[PDB]
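Take a look at this single chain in structure tokens; it is the form deposited in one PDB entry.
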């Protein structure tokens, strides 16, 4: 069993209906001052995208828009690998990155034992080295990387950064400026169809392991098989970045028409803001209504309170819905309207721990539901 990494976090995570307030408190590479309300002290819209201005006013430099001379990825077995877990080490890396023409980025996320989700690892590759950053440990010191991630001079290469852009700002208050999504280029080369794993074959004839796409990245220590799985996802990314600019150049008949599009599409992805979610029972009750489930006043109520009891527990304990109580079990309980606490436990296969732990709290809820007055049509029927 793994101990929840959120416990050692210095600042508790907010899982309240409150609207997400960007965590950035010092804005490097700024063109528009960062709202005073966000300064480290006071802790002109506050809920705006910190790098909104710089992003809208960004265009790739001529240097990159010109036909590339692909630089082969360094042989993986000759490429040094660095494990970063201390601020001092993170600060040294950021310093090296600041002297780069461009570098690759990718994150490992987790969501089963977390309400909103949690970023457990960050992978960065330069033309010659590979780095693995422990974003659990350095969670509160990650922001320092904003110096290079928002440096328009350096080009950050990702592959489908859609969610990565949202976890970076939601977890570390980090943002990106000057990004090239290889998945966006891929769409312009009839490849937007396949993943990076496939692009690693077509472009570098490298076999990919997919045993870890859903593994537990909160684990520590990270075994070699996982460290390798992770690095491989940023190591050959710069090469593919050059190769794709080369191919998009030999298509626009000697022009940066397509290149600018990728950069533009990518810049938009970077402009996405994170928004805390909200879930309502109305959604399910709508599906269960089409599946001719026919839930009576009592069942509907039992489901309504269970859905409510779950959202509350998931936010307090900082767990996912699927951990606290998966739908089908919730829906089952709502139907059976179990008279005893033990009756509830029967509907669960298996029985989630927070349910056994609150078995009584839940019992009182079902109980309440069973006291609800049935409509006439539901008594006879």
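Residue numbers count along the first chain shown, from 1. For the two forms, the rigid core is made up of the largest set of C-alpha atoms that agree within 1.5 Å on superposition.
In the deposited sequence, the stretch from residue 43 to residue 44 hides 10 or more residues that have no coordinates. Stretches 349-357 and 309-317 differ in mean CA B factor, with 349-357 having the higher one. Between the stretches 130-138 and 207-215, it is 207-215 that shows the larger average CA temperature factor.
By the numbers in the PDB entry, the CA B factor is greatest at 290 among 159, 220, 290, 110. Sort the modelled residues of the chain by CA B factor and residue 47 lands in the highest third. The PDB entry assigns residue 233 a C-alpha temperature factor belonging to the middle third of its chain's modelled residues. Residue-level temperature factors show residue 85 in the lowest third of its chain, judged at the C-alpha atom. In the PDB entry, residue 294 places in the highest third of its chain by CA B-factor. Sorting the modelled residues of the chain by their CA temperature factor places residue 274 in the middle third.
The form deposited in another entry is left out here; the points below concern that form.
The only C-alpha among 75, 221, 192, 254 that moves by 2 Å or more between this form and the one not shown, given a superposition on the rigid core, is that of 192.
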